[PDB]
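A short write-up of the structure that comes next.
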Amino acid sequence: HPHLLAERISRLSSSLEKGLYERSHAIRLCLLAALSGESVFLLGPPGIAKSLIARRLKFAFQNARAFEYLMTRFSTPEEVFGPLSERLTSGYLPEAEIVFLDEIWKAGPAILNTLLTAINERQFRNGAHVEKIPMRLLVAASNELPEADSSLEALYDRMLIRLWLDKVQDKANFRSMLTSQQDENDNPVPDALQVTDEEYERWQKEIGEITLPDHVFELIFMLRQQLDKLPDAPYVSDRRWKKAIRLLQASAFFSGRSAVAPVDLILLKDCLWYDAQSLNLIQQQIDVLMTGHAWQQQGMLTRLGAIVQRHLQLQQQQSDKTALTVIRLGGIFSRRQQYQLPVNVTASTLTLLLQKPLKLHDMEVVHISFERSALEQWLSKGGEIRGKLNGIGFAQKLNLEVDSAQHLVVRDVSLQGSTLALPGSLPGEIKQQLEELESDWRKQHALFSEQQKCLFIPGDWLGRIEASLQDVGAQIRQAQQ
Amino acid sequence: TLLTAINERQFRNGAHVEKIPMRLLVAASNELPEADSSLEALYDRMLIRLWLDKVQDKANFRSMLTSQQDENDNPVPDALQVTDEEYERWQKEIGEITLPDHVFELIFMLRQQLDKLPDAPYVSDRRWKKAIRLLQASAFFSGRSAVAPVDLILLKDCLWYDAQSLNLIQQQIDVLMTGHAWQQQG
Amino acid sequence: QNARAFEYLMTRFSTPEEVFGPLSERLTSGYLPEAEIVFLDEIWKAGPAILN
Ligand SMILES: Nc1ncnc2c1ncn2[C@@H]1O[C@H](COP(=O)(O)OP(=O)(O)O)[C@@H](O)[C@H]1O
């Protein structure tokens, strides 16, 4: 039964897209928020299809009403909620479902005061006795941004989705859009894809029953502590974290899932920023989190380093068997030039082992890696060499010289010698621990290859997730060679 | 109330709503609205922006100064007046006009040219969609079945918004019509 | 057992007639003179007559 729900939603959003190209992210987000009792906000220049989406989502139901009003600087509350006689609310907002409010950043003082009580309580102060408001979707569009110290920020902090629409840019999607024969006032939604009033009241209760996995909570709490340490990061209130869960739980509900999926965190890119300055900061932190700690991308990186450290620890103990012989070629030159091994080594960032460890830069080291593009220059022209320690940090300078027996003596602050050596051409203990970590990559990749059919996920985000999973898998297959 | 009578051709009336048989919406004024006001919502929705001015020619002013033609009679004959049935049928055949591939190369090029110029006015996506209905209607009443490249001349009064951008829109189209239209500069 | 709520937001252009109730003598049906627990957010921007 839950698997058949994702098919009906995919056919409902397909009929709503017919007529508005390059607006999939602006229509799918409004349909999910309407079925879960959430709001949505739009921003952009007037004329990028902002009022039609408010009149298009009403055809997906069976008892919805439209209300397209423009808030002016001299607007009165009696002209919005209907004039009083006790208030004639015949087709306005208290009895409507999907209302539209354009230029909301300039209404009267009493207009904004009545809108705050109709969101947290879904009621209205209609004279003496109050009544409920069957509001299913709240949308608002404008153009500019409010002040930093004003009363208009009370409503902006309560809206969940902050859509960022813009004009068309693609040429192929503009051909049929320029000459579109589809009417904007008909009923393109079939009668079989429209939900009833009974199914809406039942879905409002099953969303809260979605369980929260322990691995999902590790990503939400980490993002909150990350934005608090950055001064340029925008502040996120506690209400935004609670209202965002209802959106993620509703995305997995209409997609054939019973728990919160880690891929649902992509929708948080339009629920944290507030201006154009913080727009590039929210999309940057989530892109790193979705390609770092989502499917355990960086989690396997800190575990693979312990396997390499354990493998290199057993190779430096038996380094006396295979040393490092440098070829001789001192012909006619002012300095005894050297050269590395030919076909034996071909890597660029190869590592070199040492016998007796030394204390370089007030720390211990067990392996030093050099660059192939930088080793040929020092062994031919001379000068100084720069190499990092333990494969981390920057390429610090070392006191490396040539040996009489064709070796590499590393000098420190105590004038101590250390002959370098290269690792030869896998122990059973390292192979056993490596297969356990490699099997974890296939388990995390199998989860992404099953839930990628979510309709509420953009298409440009799948290119960065797949490129992040292949980068980790390409590094774990190099040490096993 | 004027915004709901354009996109939906309806008007609220207490309880039930009704349609408006509005065929032509004309508006005239003198000054320009503010840059940050609610009056810009109606200006961005109007298609044709006619720029009328006083007479300048001397030959056309002689008969105009002493004109005996009445302005309250019926100079239109009864044989040239269309009926209510022909109006409802013409509203459907306008959308059936095909869009040639050579015409699309000029509309998309004009949109990208105004975006690179900082002094050029901004044109929303609604204006590009509503302008096609005007060009397709010009070729419909002229004996054509497709969008004619010469119909782009009427775009000189559907892009500008003030007196500053009036000389910029009429200059870019004049070069486009005498450059990339019939492959002049091409 | 007989309390009433009143969530109001004070603005820089608020009027006293929109808080206590518009006059006809003042229609104070469910506001502040007959309420018990009222809420006032952003009180540091109200008008001079509201604070008085
Ligand atoms: N980007 C777009 N793609 C397709 N159609 C559009 C687009 N922008 C506007 N339209 C069309 O213009 C008409 C009017 O849009 P409108 O409500 O004025 O947009 P806005 O509310 O952003 O000003 C709509 O019926 C819509 O079909």
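Among the residues of segment A:136-152, how many are buried (at least 20 other Cβ atoms within 10 Å of the Cβ) and either of a type outside the set (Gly, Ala, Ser) or in a loop (DSSP other than H, G, I, E, B) (or both)? Residues meeting the conditions: 5.
Quick check on segment A:82-100. Is at least one of its residues touching a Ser or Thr at 6+ places or on another chain (Cβ under 8 Å) and away from every other protein chain (no Cβ under 14 Å)? Give the derivation first.
Kept after step one, since they are touching a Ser or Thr at 6+ places or on another chain (Cβ under 8 Å), are these residues of segment A:82-100: A:82, A:95, A:100.
Filter again for away from every other protein chain (no Cβ under 14 Å), leaving none.
Checked segment A:82-100: no residue is touching a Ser or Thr at 6+ places or on another chain (Cβ under 8 Å) and away from every other protein chain (no Cβ under 14 Å).
Criterion first (more than 21 Å from A:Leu42 (Cβ to Cβ) and under 30 Å from the mean Cα position of the chain (by Cα)) does A:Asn126 satisfy it? Judged against the criteria, A:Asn126 is not a match. Checking each residue in segment B:25-65 for being among the charged types (D, E, K, R), surrounded by fewer than 10 Cβ atoms within 10 Å (Cβ to Cβ) and within 14 Å of chain A (Cβ to nearest Cβ) picks out only B:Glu34. In segment B:81-97, the condition of being among the aliphatic types (A, V, I, L, M) and surrounded by 10 or more Cβ atoms within 10 Å (Cβ to Cβ) is met by at least one residue. Of all residues in segment A:26-49 being within 11 Å of the ligand (Cβ to nearest atom) and not aliphatic (A, V, I, L, M), which is nearest to A:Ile161 (Cα to Cα)? Of everything passing the filter in segment A:26-49, A:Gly44 is nearest to A:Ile161 (Cα to Cα).
Scan B:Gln183, B:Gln171 and give me the residue that is farther than 17 Å from B:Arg49 by Cα, loosely packed, with under 13 Cβ neighbours inside 10 Å, over 14 Å from the mean Cα position of the chain (by Cα) and not acidic (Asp, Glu). Can you show your working first?
Working: B:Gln171 fails: farther than 17 Å from B:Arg49 by Cα.
Matching residue, one of B:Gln183, B:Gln171: B:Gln183.
Restricting attention to segment C:1-23, the residues that are charged (D, E, K, R) and more than 9 Å from the chain's Cα centre (by Cα) total 2. The residue that is farthest from the ligand (Cβ to nearest atom), among those in segment B:6-19 that are within 10 Å of chain A (Cβ to nearest Cβ) and among the aliphatic types (A, V, I, L, M), is B:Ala15.
Which residues, counting only those in segment A:228-240, are closer than 25 Å to A:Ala33 by Cα and buried (at least 16 other Cβ atoms within 10 Å of the Cβ)? Steps first, please.
We begin by selecting, within segment A:228-240, every residue closer than 25 Å to A:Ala33 by Cα; these are A:234-240.
Correct list: A:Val236, A:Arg240.
Tell me, please, whether a residue that is closer than 30 Å to A:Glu450 by Cα and in contact with a strand residue (DSSP E or B) (Cβ under 7 Å, 6 or more places away or on another chain) can be found in segment A:260-272. Write out each step before concluding.
Step one: of segment A:260-272, the residues closer than 30 Å to A:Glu450 by Cα are A:260-272.
From what's left, in contact with a strand residue (DSSP E or B) (Cβ under 7 Å, 6 or more places away or on another chain): A:270-271.
Yes: segment A:260-272 contains one or more residues that are closer than 30 Å to A:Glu450 by Cα and in contact with a strand residue (DSSP E or B) (Cβ under 7 Å, 6 or more places away or on another chain).
Listed by position, the strands (runs of 3 or more DSSP E) inside segment A:341-435 whose residues that are under 28 Å from A:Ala306 (Cβ atoms) number at least 3 are A:351-354, A:367-369, A:386-389, A:392-397. When only residues in segment B:100-134 that are within 15 Å of the ligand (Cβ to nearest atom) and in a loop (DSSP other than H, G, I, E, B) count, which is nearest to A:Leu52 (Cα to Cα)? If we take residues in segment B:100-134 being within 15 Å of the ligand (Cβ to nearest atom) and in a loop (DSSP other than H, G, I, E, B), then B:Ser124 is nearest to A:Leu52 (Cα to Cα).
On the given criteria, is A:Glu95 outside any helix (DSSP H, G or I), within 16 Å of the ligand (Cβ to nearest atom) and of a type in the set (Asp, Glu)? Spelling it out, it is not the case that A:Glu95 is outside any helix (DSSP H, G or I), within 16 Å of the ligand (Cβ to nearest atom) and of a type in the set (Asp, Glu). Candidates are the residues of segment A:134-156 that are among the charged types (D, E, K, R) and within 9 Å of another protein chain (Cβ to nearest Cβ); the one that is nearest to B:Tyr122 (Cα to Cα) is A:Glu144.
For the condition within 16 Å of the ligand (Cβ to nearest atom) and aliphatic (A, V, I, L, M), A:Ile53 qualifies.
Scan A:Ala421, A:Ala479, A:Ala446, A:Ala405 and give me the residue that is more than 30 Å from A:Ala33 (Cα to Cα) and either under 32 Å from the mean Cα position of the chain (by Cα) or not aliphatic (A, V, I, L, M) (or both). Walk me through how you get there before you give the answer.
Working: A:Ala421 fails: either under 32 Å from the mean Cα position of the chain (by Cα) or not aliphatic (A, V, I, L, M) (or both); A:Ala446 fails: more than 30 Å from A:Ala33 (Cα to Cα); A:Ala405 fails: either under 32 Å from the mean Cα position of the chain (by Cα) or not aliphatic (A, V, I, L, M) (or both).
Result of the check over A:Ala421, A:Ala479, A:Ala446, A:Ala405: A:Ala479.
Quick one: which of A:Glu68, A:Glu22 is under 26 Å from A:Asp460 (Cβ atoms), within 11 Å of the ligand (Cβ to nearest atom) and either buried (at least 18 other Cβ atoms within 10 Å of the Cβ) or within 13 Å of chain B (Cβ to nearest Cβ) (or both)? Reasoning before the result, please.
Values: A:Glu68 fails: under 26 Å from A:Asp460 (Cβ atoms).
Answer to the check: A:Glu22.
Does segment A:157-166 contain at least one residue that is within 14 Å of chain B (Cβ to nearest Cβ) and within 16 Å of the ligand (Cβ to nearest atom)? Yes; the residues of segment A:157-166 include at least one that is within 14 Å of chain B (Cβ to nearest Cβ) and within 16 Å of the ligand (Cβ to nearest atom).
Virtual Cβ from ideal backbone geometry, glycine too; neighbours counted across all protein chains shown. Bear in mind these aren't lab numbers, they're just calculated from the coordinates by the rules spelled out.
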